[PDB]
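Below sits a lone chain in structure tokens, taken as the form deposited in one PDB entry.
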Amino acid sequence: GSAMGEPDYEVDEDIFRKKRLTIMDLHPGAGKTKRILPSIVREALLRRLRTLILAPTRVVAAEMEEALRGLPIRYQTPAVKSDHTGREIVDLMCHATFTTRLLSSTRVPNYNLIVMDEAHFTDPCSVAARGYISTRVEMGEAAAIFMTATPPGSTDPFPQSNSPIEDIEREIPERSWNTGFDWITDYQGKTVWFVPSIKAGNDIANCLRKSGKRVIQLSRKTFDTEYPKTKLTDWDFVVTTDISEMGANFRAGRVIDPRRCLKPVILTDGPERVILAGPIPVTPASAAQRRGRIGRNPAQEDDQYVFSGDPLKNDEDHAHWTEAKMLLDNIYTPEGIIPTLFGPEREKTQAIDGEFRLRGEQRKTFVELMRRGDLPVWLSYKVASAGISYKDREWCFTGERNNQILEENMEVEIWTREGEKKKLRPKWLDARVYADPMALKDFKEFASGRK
């Protein structure tokens, strides 16, 4: 005899039709959806469709490569601007790689099926990618599938799960604690703890570690190397920023979620600048994705989501919305049309389509500052639109006095490329380049002309 197992996934013809944007949920961990993406790709190739798969992270991309083994899959790095084979091939790349290629090449294929995994990702490049994809679909040039449990527009913090979740509302430490939270450390299972910042995570992680807990920390910059370690069993806590809202699959029994985040906001009273506001409450969708780390396994029925406070849905002042438009406005198309945001996300900005469009060398510098310089979209836009070349780092030193960067109450002083010692004092302030120690380290590297 045998077990039935997951049955063959017969694909809806509708999902391949041009002008169709399908939203679906893979419900990972159940686990009864292993055959879905493979089947979609198989049927796409049967129909001779030019197919693109977009993963949120390199990690997820690699897991896809394994899942799709035996199919003509080709991973695409952002180090290459285009890669055209004479052959039937499915391109696989990160959200950001797609947007980067659209900004940097005239040779981006006319994909007529586009699959975006974790399509809720609200990083500017992901938002822009959705805008471009939805525009191509509405043009009748493509069909697309957005895969996510929380499609843009969703406002449900407590959505369906594969397995019962116990939603527990109680006070959660925002920093190191001495007593009064025994439930945190008495818990015998594995916990994923969402924190608003790396700094906050450091404090929490250190406090857990001093009590004998084994802790893995995750952030955007460290996700690539550290996440793989969570696939082993030798940990008690994952302490992570919001990055783990995007496809991270933990074998854990508990989420701890104070429902806090930092939000980049462009201020406009005086010289435009980006601050990191908060901690403030997360959106319902974010809360849902944090909660959604657990309750994935029907055989494990006692998972917990421990949270504090209610979410806040209004995020219209998030810098990512403006930054999305800065990317979109600089993506061209042979039709001569500037791509607009995905429908549900249009209400997030009152920017006029095309207003951030740059021309010629300024556009190229814009892209280089983001790719090679690893600068935020907003900051890259300000520098590029000022007519500054990539290699010209004078602007890092010629800002007003109030723009002086501090570290430990000390005024930061660095070498220029030419070998002069100057105060770090950028013409444009973006908190995302100096707030976190590691971010400031990288920005100092940039200012000194070392990349």
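Just count from 1 along the sequence shown to find any residue number.
Q: Using only C-alpha atoms and the B-factors in the entry, which stretch averages higher, 170-178 or 283-291?
A: For C-alpha atoms only, the mean B-factor is higher in 170-178.
Q: With reference to the PDB entry, specify whether the mean Cα temperature factor is higher for 373-381 or for 161-169.
A: Per the PDB record, 373-381.
Q: By the CA temperature factor listed in this entry, which of these ranks top: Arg363, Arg259, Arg254, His320?
A: Each of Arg363, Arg259, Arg254, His320 was compared by C-alpha B-factor; the highest is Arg363.
Q: Looking at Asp303, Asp236, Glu335, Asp117, which has the highest CA B-factor as recorded?
A: When the deposited C-alpha B-factors of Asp303, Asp236, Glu335, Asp117 are compared, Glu335 is largest.
Q: Tell me, lowest, middle or highest third: where does the Cα B factor of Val108 rank within its chain?
A: Answer is middle: the recorded C-alpha B-factor places it there.
Q: Lowest, middle or highest third: where is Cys396 by Cα B-factor in its chain?
A: Tercile = middle for this residue's CA B-factor.
Q: Taking the chain's C-alpha temperature factors as the reference, tell me which third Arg273 falls into: lowest, middle or highest.
A: Lowest third, going by the recorded CA B-factors of the chain.
Q: Taking only the Cα B-factors deposited for this chain, tell me whether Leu341 sits in the lowest, middle or highest third.
A: It falls in the top third of the chain.
Q: Mind checking which third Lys190 falls in for C-alpha B-factor across the chain?
A: Bottom third by C-alpha B-factor.
Just so it is clear, the following notes concern the form solved in complex with a small molecule, a form of the same protein that is not shown.
Q: Under a 4.5 Å heavy atom criterion, is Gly29 part of the interface with the small molecule in the deposited bound form?
A: Judged by the heavy-atom cut-off of 4.5 Å, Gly29 is in contact with the small molecule in the deposited bound form.
Q: Just to confirm, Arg293 within 4.5 Å of the small molecule in the deposited bound form by heavy atoms?
A: Yes, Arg293 is a contact residue.
Q: Would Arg251 show up as a contact with the small molecule in the deposited bound form if we use heavy atoms at 4.5 Å?
A: Yes, contact at 4.5 Å.
Q: Going by a heavy atom distance of 4.5 Å, is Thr97 a contact of the small molecule in the deposited bound form?
A: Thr97: no, not in contact with the small molecule in the deposited bound form.
Q: Counting only heavy atoms and a 4.5 Å cut-off, does the small molecule in the deposited bound form sit next to every one of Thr33, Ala149 and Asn162?
A: Looking in the deposited bound form, the three residues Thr33, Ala149 and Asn162 all sit within 4.5 Å of the small molecule (heavy atoms).
Q: Within 4.5 angstroms, counting heavy atoms, which one of the listed stretches 293-301, 79-87, 254-262, 345-353 is next to the small molecule in the deposited bound form?
A: Selected stretch: 293-301.
Q: Using heavy atoms only and a 4.5 Å cut-off, determine which of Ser380, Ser126, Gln289, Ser134 is in contact with the small molecule in the deposited bound form.
A: Selected residue: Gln289.
Q: Consider the chain as shown here, without its partner, and state which of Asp236, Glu118, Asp242, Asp315 has a heavy atom within 4.5 Å of the small molecule in the deposited bound form.
A: Looking at the other structure, the residue within range turns out to be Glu118.
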